[PDB]
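Got a structure here, written out as structure tokens. Questions coming.
Reminder, nothing fancy here: chain letters follow the sequence lines and each chain counts from 1.
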Number of protein chains: 2
Amino acid sequence: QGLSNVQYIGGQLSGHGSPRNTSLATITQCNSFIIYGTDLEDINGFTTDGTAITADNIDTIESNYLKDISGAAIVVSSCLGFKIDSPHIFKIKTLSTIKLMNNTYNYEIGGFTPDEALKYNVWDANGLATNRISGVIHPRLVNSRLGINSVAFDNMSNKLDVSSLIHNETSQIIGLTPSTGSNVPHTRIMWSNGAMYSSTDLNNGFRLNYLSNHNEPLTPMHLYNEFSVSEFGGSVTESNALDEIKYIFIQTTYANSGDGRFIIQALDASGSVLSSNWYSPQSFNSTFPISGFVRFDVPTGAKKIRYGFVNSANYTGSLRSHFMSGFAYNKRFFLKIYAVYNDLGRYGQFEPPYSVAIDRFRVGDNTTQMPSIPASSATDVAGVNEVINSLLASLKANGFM
Amino acid sequence: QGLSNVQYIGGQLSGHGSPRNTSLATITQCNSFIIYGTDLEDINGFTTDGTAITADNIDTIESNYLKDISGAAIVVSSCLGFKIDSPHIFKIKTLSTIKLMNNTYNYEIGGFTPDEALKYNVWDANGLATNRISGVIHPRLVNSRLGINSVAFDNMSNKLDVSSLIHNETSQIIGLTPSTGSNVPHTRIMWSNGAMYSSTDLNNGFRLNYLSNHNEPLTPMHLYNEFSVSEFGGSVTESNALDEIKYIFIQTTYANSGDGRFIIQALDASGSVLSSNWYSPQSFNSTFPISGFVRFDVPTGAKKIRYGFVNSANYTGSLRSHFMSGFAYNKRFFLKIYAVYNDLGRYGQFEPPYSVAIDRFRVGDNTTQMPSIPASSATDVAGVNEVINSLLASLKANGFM
């Protein structure tokens with residue numbers, strides 16, 4: 001506690017003999033603590049109170065002891081310039097390997113042995129609105145059997161080394177007629193199913209239909225999308241082909257309450273639901289009070305994924321007033337979904353099409369909206385011809401040709 | 001061999017006196033081997049058999065001794081957590097500087113002195129279908145006179161720090177009429193020349209036309225694209241302007257056989273071919289059995305690049321049955337081409353156009369396909385006008401206005 005420019009080179013920290021430890025090393029209020037290849041092993045984990053950390057109660061621990069200085073092989077609190085390279089770590093019977101908290105904001109984490117703790121590899125618990133965290137995490141810790149929590153992925157500046165966006169959407173600048181604002185999407189361009197809530201005020205957003213639970217079948221009335229994953233041929237064995245997507249991180253805007261829900265489902269080849277989850281507006285709070293992330297675990301053997309927005313109470317709701325709370329926290333809606341690939345680009349990452357040699361993709365399409373031509377009633381056999389000539393002239397001038 | 005948490009700090013490893021060495025250091029079956037600034041120099045390379053590694057036979061070595069524990073200044077085999085920072089290295093007369101093999105899967109490589117070996121800087125020889133490798137390589141080793149092999153670029157998680165995509169294409173979800181499936185592109189939109197194989201089953205893919213060798217001229221019958229590089233003006237000397245692109249990396253899907261070829265050509269100002277190559281379906285096997293990468297070396301003084309698909313045997317082929325082998329390995333075709341820039345963003349990287357302030361690029365075009373209006377034969381001088389009014393109404397409603 002209270003040190004600066006500390007180097008721990010080589011050496012070892014181990015709990016041989018099963019003593020009761022909150023952590024192997026606890027670091028608080030230091031500036032630049034650096035660990036070079038130290039050997040870490042054999043912890044028998046407890047919380048600061050004295051509660052044992054086992055598998056059976058692991059989830060309980062993560063809810064009730066988030067702010068505790070405990071729960072990891074190395075606990076880091078209020079440390080500037082933390083850094084650990086890639087040592088061998090094993091036999092970790094606590095919740096995580098590294099825990100970060102209390103405005104530890106420029107850390108850097110090398111690739112140590114993955115999947116040794118009980119729940120995560122890196123557990124980030126930084127939680128104050130005025131902090132600006134930005135860390136660097138080795139990519140092989142993220143696509144592993146345990147991975148990192150949603151807040152660590154929020155704060156990981158190099159997140160595009162393991163993932164790509166499979167959905168990116170934001171609201172327009174200029175509202176469409178008719179509307180009273182431009183805080184949400186005004187069309188259903190990004191979605192295969194569902195509808196807009198109301199055609200007289202498009203600024204109410206999407207329509208949210210009732211669904212009793214997150215594992216129920218979705219219908220064409222609901223707002224949702226579907227895509228298929230891990231499509232290998234008949235001459236490939238599944239033991240060799242592997243799984244295409246390991247985790248999915250969803251980011252969207254925060255609100256203090258609401259009955260609307262973001263829902264995600266992983267389904268097998270014959271339509272059956274393998275796993276599923278939904279999330280409420282106040283779950284999206286890793287970067288309170290604006291936005292946040294949540295994590296979905298894709299089970300092995302999934303063939304399709306469905307994602308969307310629904311209503312958890314029995315009536316037809318609106319994105320504006322049942323997910324965004326009347327824009328009390330955010331004035332611009334956005335939705336980004338990141339796919340973490342099981343193996344970097346084995347199946348080819350998803351991203352927008354492009355070609356440096358094709359002008360349609362290199363610069364875009366130069367067509368413009370045509371000026372409004374009034375419907376014509378001229379019946380002397382040439383007013384119709386003049387209108388046709390006007391329409392053809394507009395088509396030629398506006399790019400459609 | 002068989003160690004864990006090994007640190008080699010400072011020091012030196014050198015072959016002064018020309019002893020016969022397979023490597024300077026050999027590491028096998030270790031966990032966390034870390035090298036901090038060690039001085040490596042002067043190796044006289046041999047293989048494990050006893051074959052001298054010279055320039056004259058270098059290519060032969062890379063084919064026949066890929067699985068040998070030899071051929072580099074540092075050879076790493078089955079090591080977790082390998083790490084080397086940036087020491088000075090010189091006089092490396094063997095194939096590569098670092099060689100990685102046998103499921104070394106979370107490595108990290110700093111920027112040591114580039115271009116000291118005979119063929120590569122980093123040589124990745126990991127080759128098992130069930131491994132998931134993900135490494136971090138300093139960017140300055142990739143755009144150097146030797147660079148890294150295709151497999152290392154495959155496994156390099158930070159590959160978007162040195163390159164950008166100049167072609168990215170994948171197959172649609174819903175097939176177009178008429179087709180028997182949706183495993184390949186159904187349109188020729190991304191391509192300037194060539195045609196689809198058949199108009200009665202679009203799921204046969206592109207048409208592949210005959211080409212006798214990869215250095216022959218391409219015609220408008222062949223499926224190919226062209227773009228120009230390194231466009232400096234009259235007041236710039238070429239010794240100052242330099243070269244825009246250096247190593248071009250292509251991945252696409254694997255298949256066990258086929259006569260189709262992916263072809264690439266670098267051409268000088270007056271249309272002449274400076275260099276060229278083509279690749280078979282089974283060349284794309286760095287991530288067997290799904291996809292893989294190959295590398296093309298752009299010669300200095302190139303002014304244009306052409307890339308595309310052709311047939312190496314004298315008859316007209318199809319992408320489905322002569323490059324993808326009837327979808328025996330992949331159900332989803334894709335093609336990504338990565339340009340490694342000679343000097344970062346000096347000439348401006350290529351990527352799709354965008355503007356946060358323009359709604360056409362911020363959210364997309366809201367136009368929708370019009371409902372089918374049947375051809376009309378009404379000749380009393382007003383049925384034609386009713387049809388025109390219907391067409392104008394559809395145009396106004398569908399966004400064209």
> Which of the residues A375(A), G345(A), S355(A) is involved in the greatest number of heavy-atom pairs with chain B at under 4.5 angstrom?
Replying inline: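 Option with the greatest count: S355(A).
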>> Any non-hydrogen side-chain atom of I34(B) less than 4.5 Å from a side-chain atom of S86(A)?
In response: yes
> Looking only at heavy atoms, what is the nearest atom pair of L242(A) and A129(B), with distance?
Replying inline: CD1-O, 4.1 Å
> For the candidates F327(B), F82(B), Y107(B), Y329(B), which exhibits the highest count of non-hydrogen atom pairs separated by less than 4.5 Å from chain A?
Replying inline: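 Winner by heavy-atom pair count: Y329(B).
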> Looking at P139(A) and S134(B), what are the two nearest heavy atoms and their distance?
Replying inline: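 Taking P139(A) first and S134(B) second, the nearest heavy atoms are CB-OG, 3.8 Å.
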> Under a 4.5 Å heavy-atom cutoff, which of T253(B), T287(B), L128(B) has the most pairs with chain A?
Replying inline: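 With the most close heavy-atom pairs to chain A, the winner is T287(B).
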>> For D154(B), which atoms come within 4.5 Å of any heavy atom of chain A: side chain, backbone, both, or neither?
In response: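 Contact with chain A involves the backbone of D154(B) alone.
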>> Are the side chains of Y354(A) and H167(B) in contact, using a 4.5 Å heavy-atom criterion?
In response: no
>> Could you report the tightest heavy-atom contact between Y105(B) and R140(A), atom names first, then the distance?
In response: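 Reported closest heavy-atom pair: CD1-NE, 3.6 Å.
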>> Between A328(B), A382(B), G81(B), who has the most heavy-atom pairs with chain A when the cutoff is under 4.5 Å?
In response: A328(B)
> What part of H88(A) lies closer than 4.5 angstrom to a heavy atom of chain B: side chain, backbone, both or neither?
Replying inline: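 Both backbone and side chain.
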> Is any side-chain heavy atom of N168(B) closer than 4.5 Å to a side-chain heavy atom of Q349(A)?
Replying inline: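 They are not in side-chain contact.
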>> Quick check on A357(B) against chain A: is it the side chain, the backbone, both or neither that has a heavy atom closer than 4.5 Å?
In response: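 The backbone, not the side chain.
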> Relative to chain A, which segment of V6(B) carries a heavy atom at a distance below 4.5 Å: side chain, backbone, both, or neither?
Replying inline: neither
> Side chains of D85(A) and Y36(B): closer than 4.5 Å at any heavy-atom pair?
Replying inline: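 They are in contact (side-chain heavy atoms under 4.5 Å apart), so the answer is yes.
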> Highest number of heavy-atom pairs under 4.5 Å with chain B: which of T187(A), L344(A), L391(A), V384(A)?
Replying inline: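 Among the listed options, the one with the most contacts to chain B is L344(A).
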> Measuring heavy-atom distances to chain A, does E386(B) have an atom under 4.5 Å in its side chain, in its backbone, in both, or in neither?
Replying inline: neither
> If you count heavy-atom pairs under 4.5 Å with chain A, which of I133(B), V136(B), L392(B), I290(B) comes out on top?
Replying inline: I290(B)
> Side chain, backbone, both or neither: which part of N342(A) has an atom under 4.5 Å from a heavy atom of chain B?
Replying inline: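 When you check distances to chain B, atoms from both the backbone and side chain of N342(A) fall under 4.5 Å.
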> If you tally heavy-atom pairs under 4.5 Å against chain A, which of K83(B), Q251(B), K159(B), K396(B) wins?
Replying inline: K396(B)
> How long is the span from the CG atom in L395(B) to the CG atom in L395(A), to the nearest 0.5 Å?
Replying inline: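 Answer for the CG-CG pair, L395(B) versus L395(A), is 7.5 Å.
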> Heavy atoms, side chains only, cut-off 4.5 Å: are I9(B) and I9(A) in contact?
Replying inline: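 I9(B) vs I9(A): side chains touch.
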> So, for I388(A) and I388(B), which heavy atoms are closest and what is the spacing to 0.1 Å?
Replying inline: CG1-CD1, 3.7 Å
>> Please rank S376(A), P353(A), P352(A) by heavy-atom pairs under 4.5 Å with chain B and give me the top one.
In response: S376(A)
> Non-hydrogen atoms of chain A under 4.5 Å away: do they reach the side chain of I166(B), the backbone, both or neither?
Replying inline: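 For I166(B), backbone and side chain are both near chain A.
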> Which bit of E244(A) is near chain B, if near means a heavy-atom gap under 4.5 Å: side chain, backbone, both or neither?
Replying inline: side chain
>> I'd like to know whether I174(A) forms a side-chain contact (heavy atoms from CB on, under 4.5 Å) with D359(B), so could you lay out the CA-CA distance, the side-chain angles of the two residues, the decisive distance to 0.1 Å, and finally the verdict.
In response: CA-CA 8 Å; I174(A) 305 170; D359(B) 277 333; 3.9 Å; yes
>> With side-chain contact (heavy atoms from CB on, under 4.5 Å) as the criterion, how do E351(A) and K336(B) come out once you've worked through the C-alpha distance, each side chain's angles and the decisive distance to 0.1 Å?
In response: CA-CA 10 Å; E351(A) 50 207 359; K336(B) 306 152 91 59; 3.0 Å; yes
>> I need the residue from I173(A), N240(A), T379(A) with the largest number of non-hydrogen atom pairs under 4.5 Å to chain B.
In response: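 Maximum pair count with chain B is reached by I173(A).
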> If you count heavy-atom pairs under 4.5 Å between each of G135(B), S291(B), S286(B) and chain A, which one has the most?
Replying inline: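 Highest number of pairs under 4.5 Å: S291(B).
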>> At a 4.5 Å cut-off on heavy atoms, which part of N155(B) comes close to chain A: side chain, backbone, both, or neither?
In response: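 The backbone, not the side chain.
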> Are more than 12 heavy atoms from other residues, nucleotides or ligands located less than 6.0 Å from atom CD of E238(A)?
Replying inline: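 Result for CD/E238(A): open.
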>> Tell me which of these, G111(A), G234(A), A241(A), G37(A), has more heavy-atom pairs under 4.5 Å with chain B than the rest.
In response: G37(A)
> Does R360(B) use its side chain to pair, donor to acceptor, with the backbone of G364(A) at less than 3.5 Å?
Replying inline: no
>> When you compare the side chain of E108(B) with that of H138(A), does any pair of heavy atoms fall below 4.5 Å?
In response: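 Counting from C-beta outward, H138(A) and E108(B) do come under 4.5 Å.
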> Which atoms of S377(A) come close to chain B, meaning under 4.5 Å heavy atom to heavy atom: side chain ones, backbone ones, both, or neither?
Replying inline: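 It is both, since atoms from each part get that close.
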> Would you find a donor on one side and an acceptor on the other, under 3.5 Å apart, between the side chain of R346(A) and the backbone of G292(B)?
Replying inline: no
>> Report which part of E169(B) has an atom under 4.5 Å of a heavy atom belonging to chain A: side chain, backbone, both, or neither.
In response: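 Neither part; nothing is under 4.5 Å.
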> Does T170(A) offer a backbone N or O that forms a donor-acceptor pair with the side chain of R362(B) under 3.5 Å?
Replying inline: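 Here the side-chain-to-backbone pair does not exist.
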> What part of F334(B) gets closer than 4.5 Å to chain A, counting heavy atoms only: side chain, backbone, both or neither?
Replying inline: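 Side chain only.
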> Below 4.5 Å, heavy atoms only, C-beta onward: do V363(B) and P185(A) meet side chain to side chain?
Replying inline: no
> Which atom pair, heavy atoms only, marks the closest approach of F400(B) to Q369(A)?
Replying inline: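 Taking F400(B) first and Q369(A) second, the nearest heavy atoms are O-CG, 3.4 Å.
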> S228(A) versus chain B, heavy atoms under 4.5 Å apart: side chain, backbone, both or neither?
Replying inline: neither
> Measuring from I189(A):CD1 to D365(B):CG, what's the distance to the nearest 0.5 Å?
Replying inline: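 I189(A) atom CD1 to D365(B) atom CG measures 7.0 Å (nearest 0.5 Å).
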> Can you name the closest pair of heavy atoms from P87(A) and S32(B) and give their distance?
Replying inline: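 In terms of heavy atoms, the two residues are closest at CA-OG, 3.5 Å.
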> Between CG of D343(A) and OG1 of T130(B), what distance do you get to the nearest 0.5 Å?
Replying inline: 10.5 Å
> What part of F361(B) gets closer than 4.5 Å to chain A, counting heavy atoms only: side chain, backbone, both or neither?
Replying inline: side chain
>> Is any side-chain heavy atom of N330(B) closer than 4.5 Å to one of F232(A)?
In response: no
>> Counting heavy-atom pairs under 4.5 Å with chain B, which one of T367(A), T113(A), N158(A), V162(A) comes out on top?
In response: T367(A)
> Distance from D161(A) atom CG to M156(B) atom CE, nearest 0.5 Å?
Replying inline: 8.5 Å
>> I need the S171(B) OG to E231(A) CD distance, nearest 0.5 Å.
In response: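 Reported to 0.5 Å precision, the distance equals 7.0 Å.
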